[PDB]
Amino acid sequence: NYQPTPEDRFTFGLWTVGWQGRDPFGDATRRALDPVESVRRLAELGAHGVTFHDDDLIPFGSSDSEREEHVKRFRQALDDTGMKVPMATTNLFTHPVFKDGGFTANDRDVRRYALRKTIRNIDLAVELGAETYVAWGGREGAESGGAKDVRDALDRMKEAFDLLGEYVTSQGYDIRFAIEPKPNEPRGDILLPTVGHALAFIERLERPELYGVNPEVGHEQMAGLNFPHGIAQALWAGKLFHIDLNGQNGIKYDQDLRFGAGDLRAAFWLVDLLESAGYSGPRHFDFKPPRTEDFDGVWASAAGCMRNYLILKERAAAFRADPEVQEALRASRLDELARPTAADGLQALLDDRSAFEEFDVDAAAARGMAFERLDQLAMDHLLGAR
């Protein structure tokens, strides 16, 4: 069962299934894929759409006539399959010119180039129908303390994002930006290393409403953080504009395993949260089929991303709908967590002897939270052991 269809809004980057398998220590294990072929194969699996960096769709340094032909062929594949392009992004990390950054490169000429490269691809993104434009500043950061003054770098990063906001406003485009945090890799430390840092930065932009976050499962887990909690804070802020789904085993290099691999229970709680909250954006996979795999394994790994999401969706929904779980949630006071602490106001709280002078602290301390029974019901639902 668990068959995806385009209604499920699953999307994939061209660079995911198209990854040829080069790693720090290894040459490619697979031939390059034509984007047309990836669009056709992903549609066959039941994907809704694809995403791209500029340089995945149009080789870097292409002439205008080559650019036009690459876009024409890609548009034909989209039209042949019904696939969409909900998101696009810029490659500001592969070319050696970006070795110290794009928007926060120490060289000013590089910063200006990075902005022009981005702007060119925003126009293309809009042409192809994208609603979201991601920015992963993977080269923004440092290996050493003197190399990068972070206050100056944040000034440059704000100028860049503000210019991009002025550009989209000037053109009357509806597209919005999603900043993707990552704590490290390829830089020793990356600027805006977590969802929190990116959310905080956005509040200092001139038009914050144009910007949200694009969190990635594995990135927050590279800092040992709880990905569902970070997603909850992004949702609380109204800033979950896009999301990248994959798997990661804790604090390592970025593994980009298929979704559901890595921390399975975190995957369960993530799906539970997205579905509970009614997140309506793409469920995008930013993953890499391991380099051990041939093309059959690439498509199996892609299919597994979607299958795992659908299994988890079923189990999370069954958990929340189970009367026994609903009673356990009330036994654990989840209902009381959702009630205001002091809707009666400050002065009433100050005058309330039940809140201090007559609060029986020992009686309250003795009341168990019943969280372990609740969590074992969650385990039983995930495992199909009810």
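Each residue number is its position in the shown sequence, starting from 1.
- For the pair 219-227 and 171-179, the record assigns the higher mean C-alpha temperature factor to 171-179.
- In this entry, 337-345 shows the higher mean Cα temperature factor of the pair 49-57 and 337-345.
- The entry assigns its greatest Cα B factor, within the set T29, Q326, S62, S332, to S62.
- You'll see in the entry that, of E127, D256, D272, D294, the Cα B factor peaks at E127.
- Among all modelled residues in this chain, the alpha-carbon of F268 has a temperature factor (C-alpha) in the lowest third.
- Sorting the modelled residues of the chain by their CA temperature factor places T132 in the middle third.
- Annotation for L14: CA B-factor lies in the middle third of the chain's modelled residues.
- Among the modelled residues of its chain, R112 has a C-alpha B-factor that falls in the middle third according to the deposited record.
- Placement of the Cα temperature factor of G247 within the chain: lowest third of the modelled residues, per the deposited record.
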